[PDB]
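Spelled out, the chains give:
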Amino acid sequence: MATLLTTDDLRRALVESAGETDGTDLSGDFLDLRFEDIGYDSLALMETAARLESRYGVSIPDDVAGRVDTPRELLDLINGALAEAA
Ligand SMILES: *P(=O)(O)OCC(C)(C)[C@H](O)C(=O)NCCC(=O)NCCS
(Lines give C-alpha, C1' and ligand atoms only; values in the text may rest on other atoms or scores of the structure.)
Protein backbone atom coordinates (compact mmCIF):
# COMPACT_ATOMS: atom_id res chain seq x y z
CA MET A 1 0.00 0.00 0.00
CA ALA A 2 1.53 3.26 -1.16
CA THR A 3 -0.75 5.91 -2.52
CA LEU A 4 1.79 8.44 -3.70
CA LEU A 5 0.87 12.09 -3.89
CA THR A 6 1.65 13.53 -7.24
CA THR A 7 2.86 16.93 -8.46
CA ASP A 8 -0.71 18.27 -8.40
CA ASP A 9 -1.35 16.92 -4.92
CA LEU A 10 1.72 18.57 -3.49
CA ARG A 11 0.87 21.73 -5.45
CA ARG A 12 -2.69 22.07 -4.15
CA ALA A 13 -1.73 21.21 -0.62
CA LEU A 14 1.27 23.54 -0.60
CA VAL A 15 -0.84 26.45 -1.86
CA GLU A 16 -3.45 25.57 0.77
CA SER A 17 -0.88 26.03 3.56
CA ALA A 18 -0.13 29.54 2.32
CA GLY A 19 -3.54 30.45 3.51
CA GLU A 20 -5.47 32.09 0.77
CA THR A 21 -5.23 30.90 -2.76
CA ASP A 22 -2.84 33.45 -4.10
CA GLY A 23 -1.56 31.12 -6.67
CA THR A 24 2.08 30.60 -6.45
CA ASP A 25 2.43 28.64 -9.69
CA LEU A 26 3.69 25.28 -8.68
CA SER A 27 2.82 23.41 -11.83
CA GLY A 28 4.98 21.39 -14.17
CA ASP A 29 8.37 20.78 -12.73
CA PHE A 30 8.53 23.20 -9.86
CA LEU A 31 10.64 20.84 -7.85
CA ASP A 32 13.76 22.91 -8.60
CA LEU A 33 12.24 25.94 -6.87
CA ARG A 34 13.10 26.59 -3.25
CA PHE A 35 10.96 27.09 -0.21
CA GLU A 36 13.23 29.88 0.98
CA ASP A 37 12.82 31.54 -2.40
CA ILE A 38 9.02 31.17 -2.39
CA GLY A 39 8.95 32.60 1.15
CA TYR A 40 8.00 29.45 2.98
CA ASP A 41 8.61 28.93 6.64
CA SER A 42 10.06 25.61 7.78
CA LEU A 43 7.26 25.63 10.35
CA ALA A 44 4.95 25.82 7.36
CA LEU A 45 6.80 22.93 5.77
CA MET A 46 6.13 20.90 8.88
CA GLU A 47 2.51 22.00 8.62
CA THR A 48 2.49 20.96 4.95
CA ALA A 49 4.01 17.58 5.85
CA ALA A 50 1.61 17.14 8.84
CA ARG A 51 -1.31 17.27 6.45
CA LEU A 52 0.23 14.71 4.17
CA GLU A 53 1.17 12.42 7.08
CA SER A 54 -2.38 11.74 8.13
CA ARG A 55 -3.59 11.71 4.53
CA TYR A 56 -1.10 9.23 3.05
CA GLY A 57 0.04 7.26 6.05
CA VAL A 58 3.46 8.60 6.85
CA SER A 59 5.11 10.25 9.77
CA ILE A 60 7.76 12.88 9.34
CA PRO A 61 9.89 13.80 12.38
CA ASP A 62 9.84 17.53 13.34
CA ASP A 63 13.43 18.29 12.34
CA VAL A 64 13.21 16.45 9.00
CA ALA A 65 10.58 18.76 7.53
CA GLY A 66 12.77 21.71 8.47
CA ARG A 67 15.56 20.27 6.35
CA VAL A 68 13.73 20.39 3.03
CA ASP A 69 14.93 23.26 0.85
CA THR A 70 13.29 22.26 -2.36
CA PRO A 71 9.71 20.89 -2.95
CA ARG A 72 11.24 17.74 -4.42
CA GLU A 73 12.60 16.79 -1.01
CA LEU A 74 9.29 17.37 0.78
CA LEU A 75 7.53 15.30 -1.91
CA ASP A 76 10.28 12.65 -1.70
CA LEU A 77 9.72 12.43 2.06
CA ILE A 78 6.15 11.24 1.63
CA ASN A 79 6.74 9.15 -1.53
CA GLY A 80 9.92 7.68 -0.15
CA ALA A 81 8.52 6.85 3.28
CA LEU A 82 5.57 4.98 1.74
CA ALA A 83 7.86 3.03 -0.55
CA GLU A 84 10.23 2.35 2.31
CA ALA A 85 7.82 1.42 5.06
CA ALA A 86 4.11 1.65 4.83
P1 LIG B 1 13.30 27.04 7.67
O2 LIG B 1 14.38 26.60 8.71
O3 LIG B 1 13.76 27.63 6.33
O4 LIG B 1 12.35 28.09 8.34
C5 LIG B 1 13.00 29.31 8.87
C6 LIG B 1 11.99 30.34 9.35
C7 LIG B 1 11.23 30.81 8.12
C8 LIG B 1 11.02 29.71 10.37
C9 LIG B 1 12.77 31.56 10.01
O10 LIG B 1 13.67 31.13 11.04
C11 LIG B 1 11.85 32.65 10.60
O12 LIG B 1 10.77 32.98 10.09
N13 LIG B 1 12.31 33.21 11.68
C14 LIG B 1 11.63 34.28 12.42
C15 LIG B 1 12.29 34.57 13.78
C16 LIG B 1 11.86 33.64 14.94
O17 LIG B 1 12.44 33.68 16.03
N18 LIG B 1 10.84 32.83 14.69
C19 LIG B 1 10.29 31.89 15.65
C20 LIG B 1 9.55 30.76 14.95
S21 LIG B 1 8.60 29.68 16.03
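Residues numbered from 1 in each chain as written, not as in the entry; some residues may be left out. Heavy atoms only, no water.

As recorded in the entry header, the structure was determined using solution NMR.

Digging into the overall build of the chain
Rule in force here: A run of H or I in DSSP counts as a helix once it spans at least four residues, and a run of E counts as a strand once it spans at least two, with each numbered from the N terminus. To get the radius of gyration, use the C-alpha atoms; to get the globule rule, take the number of residues to the power 0.38 and multiply by 2.2 Å. Only protein chains enter the accessibility calculation, which uses a 1.4 Å probe; a residue whose area is less than 20% of its type maximum is buried, one above 50% is exposed, and one in between is partly exposed. Whether two residues are in contact is decided by their heavy atoms: any pair within 4.5 Å suffices. For the accessible areas, the method is Shrake-Rupley and the probe is 1.4 Å, while residue cover comes only from the protein chains on display.
Along the backbone of the chain there are four helices and zero strands. Of the regular secondary structure in the chain, the N- to C-terminal order runs α-α-α-α. Relative to the compact-globule value of 12 Å for 86 residues, the chain shows a C-alpha radius of gyration of 12 Å, a close match. Based on the C-alpha atoms only, the size of the chain along its principal axes is roughly 35 × 25 × 20 Å. Considering the chain as a whole, with its 86 residues, one finds that 36% of them fall into the buried category. At a minimum sequence separation of 6, the contacts of the chain that also span at least 24 residues come to 56%. Just so you have it, the chain exposes about 5200 Å², and 45% of that area is on carbon and sulfur atoms.

A short note on the pattern of salt bridges
Operational definition: One side-chain nitrogen of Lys or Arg within 4 Å of one carboxyl oxygen of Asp or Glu is enough to make a salt bridge.
In total, this model carries seven salt bridges according to the counting rule given. Across the pair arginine 12 and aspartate 9 runs a salt bridge, and its minimum N-O distance is 3.2 Å. Linking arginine 12 with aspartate 9, this pair stays in helix 1 (residues 7–16), spanning three residues, or about one helical turn. Residue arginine 12 is classed as partly exposed on the basis of its relative accessible area, which comes to 45%. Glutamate 36 is the partner of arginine 34 in a salt bridge, and the nearest nitrogen-oxygen pair spans 2.7 Å.

What to know about the site of the ligand
To be explicit about the condition: The cutoff for a nearby residue is simple: one of its non-hydrogen atoms must lie within 4 Å of the molecule or strand. In protein, a polar contact requires one atom able to donate a hydrogen and another able to accept it; more generally it is a pair of N or O atoms within 3.5 Å, and residues adjacent in sequence count only if both atoms are side-chain atoms.
For the ligand, the full set of nearby residues is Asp41, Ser42 and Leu43. In the model, an oxygen atom of the ligand is placed 2.5 Å from a nitrogen or oxygen of the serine 42 side chain. Here the ligand loses 28% of its free accessible area of 540 Å² to cover by the protein chains.

Quick notes on the packing of helix 1 against helix 2 (residues 42–56)
To keep things clear, this is the line we draw: As a rule, the C-alpha atoms of each element are fitted with a line to give its axis, helices using only the stretch in contact, and angles between N-to-C directions run from 0 to 180 degrees. Oblique is the label for any angle not under 35 degrees, not over 145, and not in the 65 to 115 range, which are roughly parallel, roughly antiparallel and roughly perpendicular in turn. Note on convention: the crossing is left-handed when the near helix lies turned anticlockwise from the far helix by less than a right angle, right-handed when the turn is clockwise. Under the scheme applied here, ten amino acids are nonpolar (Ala, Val, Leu, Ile, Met, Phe, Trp, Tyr, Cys and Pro), four are charged (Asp, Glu, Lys and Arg), and all others, including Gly, are polar.
Where helix 1 meets helix 2, the axes come as close as 9 Å, and the angle between the chain directions of the two elements is 130 degrees. One element, helix 1, and the other, helix 2, form an angle in the oblique class. Note on packing geometry: the crossing formed by helix 1 with helix 2 is right-handed. In this structure, helix 1 contributes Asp9, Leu10, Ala13, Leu14 and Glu16 to the contact, and helix 2 contributes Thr48, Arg51, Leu52 and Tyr56. For the contact of helix 1 with helix 2, the residue count by class is five nonpolar, one polar and three charged.

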